[PDB]
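Here you get one chain, nothing else, as C-alpha cells; it is the form deposited in one PDB entry.
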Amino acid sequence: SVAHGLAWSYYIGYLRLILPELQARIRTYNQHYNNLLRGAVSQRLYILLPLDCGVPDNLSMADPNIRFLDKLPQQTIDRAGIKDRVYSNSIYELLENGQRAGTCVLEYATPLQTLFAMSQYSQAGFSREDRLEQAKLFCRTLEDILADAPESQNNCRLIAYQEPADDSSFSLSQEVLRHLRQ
C-alpha cells in the first residue's frame, strides 16, 4: 500500500528523529525566552492531517486565527543516513474571539504533499479517489504505529480533518484548539 510505506517512512525518517528531543527543545524555549514574558508553548507536536491533502505554502497565511510566532531552537542529527541536517519547528499562536488562546508547535504532515503530487501526475497512475483512500489509511496506520512507539509517547497529536464542501466555513483553529484543550 502507498499509505503504508508513507506512514512507516514518515515515522522512520522523521518522527523518530524529531520526537526524542522535542519536549526538551520546548522547555528550552519556554525558559529561554523572553522573548518573552508572555508565553507559553504546549508540550506536543501537533500534526495536521487534511484529508483533501491540501498543504499550503504558508500555514499562517491560510488561516486568520493561526499566526506564526516563532521557531524552536534548531536540532542536529546523527542517526544513520542523516548527518548534519538542520531542522527547525515552528510555533503558532491561536486566536479565539480575537483572544488568547493557545500557543503550540504545529505542522502539516509532509507525506500528504506526496499523496497530492501523485494524484496530479499521470505517471503515478494515482486517482483522486485513490488519494482520499490512502490519506485515511495513512492516518490510521500512523496512529497505530505511534500508539506503540517508544519515541512517541505523550509528545505528539494527530489532527485529522475534512473541510466539508457542504455549508460551513470550517475553522482550523477551532479544530486545533479542541485537541489542544487537554
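All residue numbers are counted from 1 along the displayed sequence. Only residues modelled in both forms are compared. Throughout, rigid core stands for the largest set of C-alpha atoms superposing within 1.5 Å between the two forms.
What comes next is about the form deposited in another entry, which does not appear here.
With the core held fixed, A149 shows a CA shift below 2 Å between the shown form and the other one.
Comparing the forms between the shown form and the other one, the C-alpha position of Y33 differs by 2 angstroms or more, with the core used for superposition.
Compared with the form shown here, the Cα atoms of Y33 and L94 sit 3 Å or more closer together in the other entry. The pair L37 and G102 is at least 3 angstroms closer at the CA level in the other entry than in the present model. Taking the core as reference, several blocks of three or more adjacent residues between the shown form and the other one have all their Cα positions offset by 2 Å or more: 31-40, 60-62, 123-125.
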